[PDB]
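**Student:** Got a structure for you, questions after.
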Amino acid sequence: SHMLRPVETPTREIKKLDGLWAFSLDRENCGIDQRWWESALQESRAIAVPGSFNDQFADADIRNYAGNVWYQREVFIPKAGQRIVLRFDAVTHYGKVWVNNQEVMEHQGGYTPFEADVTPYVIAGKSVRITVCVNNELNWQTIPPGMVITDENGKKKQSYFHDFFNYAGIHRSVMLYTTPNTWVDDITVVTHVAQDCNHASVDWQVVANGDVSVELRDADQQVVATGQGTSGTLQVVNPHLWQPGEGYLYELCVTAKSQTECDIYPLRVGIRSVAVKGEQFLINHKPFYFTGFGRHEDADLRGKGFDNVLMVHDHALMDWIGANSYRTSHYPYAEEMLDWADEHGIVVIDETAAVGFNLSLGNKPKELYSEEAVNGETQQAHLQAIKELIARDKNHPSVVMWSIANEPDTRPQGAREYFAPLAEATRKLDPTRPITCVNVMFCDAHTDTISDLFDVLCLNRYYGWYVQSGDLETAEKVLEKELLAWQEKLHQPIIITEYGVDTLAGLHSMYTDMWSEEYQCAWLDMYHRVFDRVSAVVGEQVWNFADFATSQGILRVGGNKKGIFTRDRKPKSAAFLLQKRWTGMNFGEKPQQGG
Amino acid sequence: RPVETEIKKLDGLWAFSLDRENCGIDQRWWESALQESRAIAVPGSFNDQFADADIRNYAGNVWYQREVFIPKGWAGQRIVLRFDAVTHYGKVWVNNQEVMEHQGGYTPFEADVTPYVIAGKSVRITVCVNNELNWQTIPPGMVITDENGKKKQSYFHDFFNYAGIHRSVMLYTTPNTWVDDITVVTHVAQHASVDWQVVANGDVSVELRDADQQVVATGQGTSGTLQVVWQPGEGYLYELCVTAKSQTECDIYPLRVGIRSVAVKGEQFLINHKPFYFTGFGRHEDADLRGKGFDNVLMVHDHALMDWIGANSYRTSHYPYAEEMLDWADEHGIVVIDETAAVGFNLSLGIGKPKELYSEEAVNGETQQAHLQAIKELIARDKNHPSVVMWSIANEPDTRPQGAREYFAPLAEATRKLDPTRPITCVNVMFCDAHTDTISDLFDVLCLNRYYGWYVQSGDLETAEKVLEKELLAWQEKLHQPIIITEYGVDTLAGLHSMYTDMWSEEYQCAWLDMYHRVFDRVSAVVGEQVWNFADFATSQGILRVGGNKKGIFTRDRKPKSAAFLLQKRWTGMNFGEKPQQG
Ligand SMILES: CCCCCCCCC[C@@H]1NC[C@@H](O)[C@H](O)[C@H]1C(=O)O
Ligand SMILES: CCCCCCCCC[C@@H]1NC[C@@H](O)[C@H](O)[C@H]1C(=O)O
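Next comes the structure, spelled out in structure tokens:
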């Protein structure tokens, strides 16, 4: 449907985000049968929302549990005559909500919010019970996809194809918000600029039988433009347009009035224009250079759960290190991260949860794009995730790119058949932004067959790590050669969205061999040397802020160790190399082929 | 503590600013939006939040600010602003009008803002937080200055001086007849529970249930309340609805209470007339990244670790914990020794200054008063909790200089008169043994901190066993009192191993915790053990702290050392609430 983030005005929120819900497992799938919605928690225990249920009890048998978990919470209802709505900003994978024995709504998104209108079903003044059924399972039509395997005892074991651990549960806000019966439930805003001198910001919104008078107030509450109608444009003059450095943000207050009731919604948008020209990524008609991380929503104890201290601290670290950009790696991030990126002018490459469409990253199906794995319904679900992501992050000026999928195996015939309609559909959904598909390493420029449909070429390369293990002299030649081959092929702006190596924070060696910090430094350094002599490399993005948790494997030593920082946010030796490089260059500009 | 039948203002981010030049109160920064502010998260200590070295140690004035919408549904009700905890000092302003202030730090403070607030429009909230300690703050300290005005704070406890807003901020609403004060005391012989009440223009009607609304008693009055006929295993707790009735509005307040009576008999600690044995940790309000800020995920996880390792009790070490810890504590029925921030009254703990600890320039007058205040507040907030079985006035004070007894006697007297239903204690330091301590008689349970084999007799088990044994049974023969060892632990690097089982290695933590447990087992007066710290925690910079205090069974990110499984074998291998029969 339509997605508007709620905000306090003559509108109200009761943060049911309160922790300490009742939590229980359903190892027998008796919950849907035995009507657990009715009343009690049976044999529950205290859990905390937001937060992943896997790491929260230090029980291994819970963290690998694959099935149905039950959340439970009684709450009181203060808003009368207002539309009361129950919003879940994120319930990872599947969630079915119940308000006092009655199914309200359900979702199969994972990292996208879903809400429901509960005005008839509640009465402001008495209690009410909310029971959530959260499913953490992945089959071939989920985004991301997976394979759940039962064995001889019927015990479910979830296997997937991405790297990060499949943290599940309620990860973001659960809120009970309250809006007048004539609401402003959808908005779209597109901005243009000409020579940083003047241009318009077209408006568009959806009401509940009310008219929309829209004003454009300033950063100090000064009206600069008005407008009367459901559509149309409106022009500023000599704007304070949104730059990657500062990030100026106008406050467009929209009004939807009825003959009796009225609703006012303030929506912050910044004037900026993002486009791709040849091999240049232009923000406000200036060629840009991306620097920063591909991070994860990962932490100790809470898993993929959200928390504010992590936001302010992580943004302080990136702010110190000189990073100006990041990419919401492998799933839509919490909207709060994108609000911060909006105010602080942080350019973001947004991505969907489509990751793992690849069976070469080592009882696996034998054809990746057959009916037994990634079929038409996988394509429908992928288009769904695109729809929801764009419908949530469409107005945020910090998003400059949509990324449909991550590292798909494109060698087999049919990858183009699967991905081309999704490129067409995404271009038809949001024309204001470039589109991309992050490229796997074993699909170099001479075997890929998908990168033509996208505006920006994103690359994940690990020459010298997975291949040429320990060889810098050779990985330099290979890396430079394939980079110039991508240039000779597509003449596109090339952002390296992943490049990193594993490093035991504390492992040193005089020989600068793999897994030591000296190898991380020398490796990133050589990669930077190659980066500086390719004209079409419009951005670099290291593989990963900090070490994150992965599934158990013989390649993951307590998870992925390719982070610049540790899981507790401590810098390895390479963090200060990146400090020197990024903070030493001119902001938003590519190095002049050398310092 | 609020319930209803509110809008939690601690949601999201606040504007944060520093006052290095100390211009805030003079230039009236609360009457405007903070110039040059940055986003900060509440709850959470401001020191660790920005990875800034200069912000972490800053000693002065910090400014929080946040606009909020007051809901329309609270038209004619009193609107109250509650700060569950603002560490050390806080002065709160509501939209150009000064409302409140408090020098507590680890206890809440609330203020009535009904006139200054018009429910429906947005108002701004500005908080001035101070993190300074002199000799009259609890805990005490002293600040020093030089040229360029750089302020540098020095204190006498171990843990790092985290500050800021550490617990939720509430904005609750009650009808014009509210239940401001409640008290409940439970008895049990081989019983019932007197009730209390304070209100304004309202009568008191008290009823109480069990599982769900199943009343099993009642009462109409501010006394008596006795009727029909809470354990450390599960923790059965009844629900006591209090009603305050007026001509127009009515108030209902639910208070969970568990039937229990704690008392000391000879050298036994009796909870419900049964001898007990304390096992568990002396923990801290410390975490990665957020300082002393509260968080539910951490409480759930740490309670999972304590449940797994077999702990049955712990002590809110060196300051009042967040009350959520105590609600959980009486829910799952874990025994809690509650303690004030009174720590650091000692000049002998020197890493290797006034001249006498109980002089006028240090610890005299307002110091004793404000200590009695920290008592009064801790008790006024945690009195009704059945999980609290003990009072702890102070921790590790130097009682050797002249005038210590003259200081500690009145505090014991007043505290005993305030809450006579629970035993009282004072954790004494190691440098004051049985032949030199002069205060352990004023208290019901004697608490001991002992580090034989670490600070003295460093690395020698064969003699530290003898010294610990002699000191222990000499205490027993001296005062014939119940002795809980509230601190015993040694530092340990998480990954350091050593074949020789020498200091700082995990083998030394294992073998050192073991000998202490045998000497514990051959002493009849030891009514419990609490390994020093649950998890490694942050302290001030010293040559004895290797990135904080490493005396934890778990690391800071909650990962177990070799001793965690030893203690999980010891505490769950014995019977719950029972001490081994000398083996
Ligand atoms: C057959 C040739 C294979 C080439 C190597 C492919 C490496 C893919 C790297 C992986 N790319 C995806 C990312 O989520 C992971 O964290 C990253 C990694 O594992 O470090
Ligand atoms: C004879 C006495 C020699 C010196 C003993 C010093 C004992 C001080 C105990 C200290 N008591 C306070 C506690 O927070 C600290 O963690 C603990 C410590 O040492 O780390």
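Chains A and B, in that order, are what the protein sequence lines are. Going by our numbering, the first sequence opens with residue -3, and the numbers climb by one from there. Going by our numbering, the second sequence opens with residue 4, and the numbers climb by one from there. All residues carry an ideal CB built from backbone N, CA and C; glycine is no exception.
(1) Who pairs with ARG264/A in a beta bridge, going by DSSP?
(2) Is the stretch 424 to 433 of chain B touching the stretch 382 to 395 of chain B in the sense that three or more CB pairs, one from each, lie closer than 8 Å?
(3) Within 8 Å (strictly less), CB to CB, does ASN304/A reach chain B?
(4) Can you give me the C-alpha to C-alpha distance between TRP311/B and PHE568/B, rounded to a whole angstrom?
(5) For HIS105/B, which three-state DSSP category applies?
(6) Taking Cβ positions only, does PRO2/A come closer than 8 Å to chain B?
(7) Check the Cβ-Cβ distances between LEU301/B and every residue of chain C, and say whether any is below 8 Å.
(8) Would you mind reading off the limits of the beta strand (DSSP E) that contains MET143/A?
(9) Any residues in the stretch 47 to 72 of chain B with a beta carbon nearer than 8 Å to a beta carbon of chain A? Which ones, in chain order?
(10) Using a Cβ-Cβ cut-off of 8 Å, state whether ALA337/A counts as contacting chain B.
(11) Is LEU263/A near ligand 3, going by C-beta to nearest heavy atom under 7 Å?
(12) Between the alpha carbons of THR90/B and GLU99/A, how many angstroms are there, rounded?
(13) Is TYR241/B closer than 8 Å to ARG263/B when the C-beta atoms are compared?
(14) Counting only the same chain and skipping the five closest in sequence on each side, list residues whose C-beta sits under 7 Å from that of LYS553/B.
(15) How would you call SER501/B, buried or exposed, if buried means at least 16 neighbouring beta carbons within 10 angstroms?
(16) Excluding the 5 residues flanking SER155/A on each side, which residues of the same chain have their C-beta closer than 7 Å to its C-beta?
(17) Using alpha carbons as the reference points, say which of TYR173/A, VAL202/A, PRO2/A, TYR244/A lies closest to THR226/A.
(18) Across the stretch 316 to 335 of chain B and the stretch 0 to 7 of chain A, are there enough close Cβ pairs to call them in contact, namely three or more that are closer than 8 Å?
(19) Between the Cα of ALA112/A and those of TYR67/A, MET171/A, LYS152/A, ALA120/A, spot the shortest distance and give me the residue it belongs to.
(20) Please return the same chain residues whose Cβ sits closer than 6 Å to the Cβ of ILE340/B, not counting the five positions on each side in sequence.
(21) Is it the case that the CB of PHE438/A approaches a heavy atom of ligand 1 more closely than 7 Å?
(22) Determine the direct distance from the alpha carbon of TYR173/A to that of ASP259/A, and round the result to whole angstroms.
(23) Specify whether the stretch 261 to 271 of chain A and the stretch 21 to 28 of chain A touch according to this definition: at least 3 beta carbon pairs, one from each stretch, less than 8 Å apart.
(24) Under 8 Å between the Cβ atoms of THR443/A and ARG407/A?
(25) In its own chain, which residues sit with a C-beta less than 7 Å from the C-beta of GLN68/A, not counting the 5 before and 5 after it?
(26) Under a CB-based cut-off of 8 Å, is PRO583/B close to chain A?
(27) Can you tell me whether DSSP reads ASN64/B as helix, strand or coil?
(28) Would you list, in chain order, the members of the stretch 61 to 95 of chain A that have their beta-carbon closer than 7 Å to a beta-carbon of chain B?
(29) Going by beta-carbon coordinates alone, are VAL172/B and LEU13/B separated by less than 8 Å?
(30) Find the residues of chain B that neighbour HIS309/A, judging by a C-beta separation of less than 9 Å, and give them in chain order.
(31) Can a CB atom of chain A be found closer than 8 Å to the CB of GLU7/B?
(32) Report yes or no: is there a C-beta of chain A within less than 8 Å of the C-beta of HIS438/B?
(33) For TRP94/A, I'd like the list of residues in its chain whose CB is within less than 6 Å of its CB, leaving aside the five on either flank, ordered along the chain.
(34) Classify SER196/B: buried if its beta carbon has 16 or more other beta carbons within 10 angstroms, exposed otherwise.
(35) Between the beta-carbon of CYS439/A and the beta-carbon of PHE415/A, is there less than 8 Å?
(36) Give the straight-line distance between the Cα atoms of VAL198/A and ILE183/A, rounded to the nearest whole angstrom.
**Tutor:** Once the coordinates are examined:
(1) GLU247/A
(2) yes
(3) Closer than 8 Å to some Cβ of chain B, the Cβ of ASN304/A qualifies, so yes.
(4) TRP311/B and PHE568/B: Cα-Cα distance of roughly 10 Å.
(5) Residue state, collapsed to three classes: strand.
(6) Taking 8 Å as the CB threshold, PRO2/A stays off the interface with chain B.
(7) Among the protein chains of the structure shown, namely A and B, there is no chain C.
(8) 142 to 146
(9) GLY47, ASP51, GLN52, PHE53, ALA54, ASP55, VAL71, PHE72
(10) no
(11) Annotation note on ligand 3: not contained in the displayed structure, which lists ligand 1 and ligand 2 as its ligands.
(12) Approximately 45 Å, taken between the alpha carbons.
(13) no
(14) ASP494, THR495, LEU496, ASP539
(15) exposed
(16) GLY142, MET143, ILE145
(17) Residue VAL202/A is the option with its Cα nearest to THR226/A.
(18) no
(19) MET171/A
(20) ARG318, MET393, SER395
(21) Of the heavy atoms belonging to ligand 1, at least one sits nearer than 7 Å to the Cβ of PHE438/A.
(22) Approximately 14 Å between the Cα atoms of the pair.
(23) No: fewer than three Cβ pairs fall under 8 Å.
(24) yes
(25) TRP17, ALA18, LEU37, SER40, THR127
(26) no
(27) Secondary structure at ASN64/B: strand, using DSSP grouped into helix, strand and coil.
(28) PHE72, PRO74, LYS75
(29) For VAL172/B and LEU13/B, yes; Cβs fall inside 8 Å.
(30) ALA44, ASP51, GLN52, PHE53, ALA54, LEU292, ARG293
(31) With 8 Å as the cut-off, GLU7/B counts as an interface residue toward chain A.
(32) no
(33) Correct list, in chain order: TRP33, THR127.
(34) Classification of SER196/B: buried, given that the 10 Å Cβ count is 16 or more.
(35) no
(36) 11 Å
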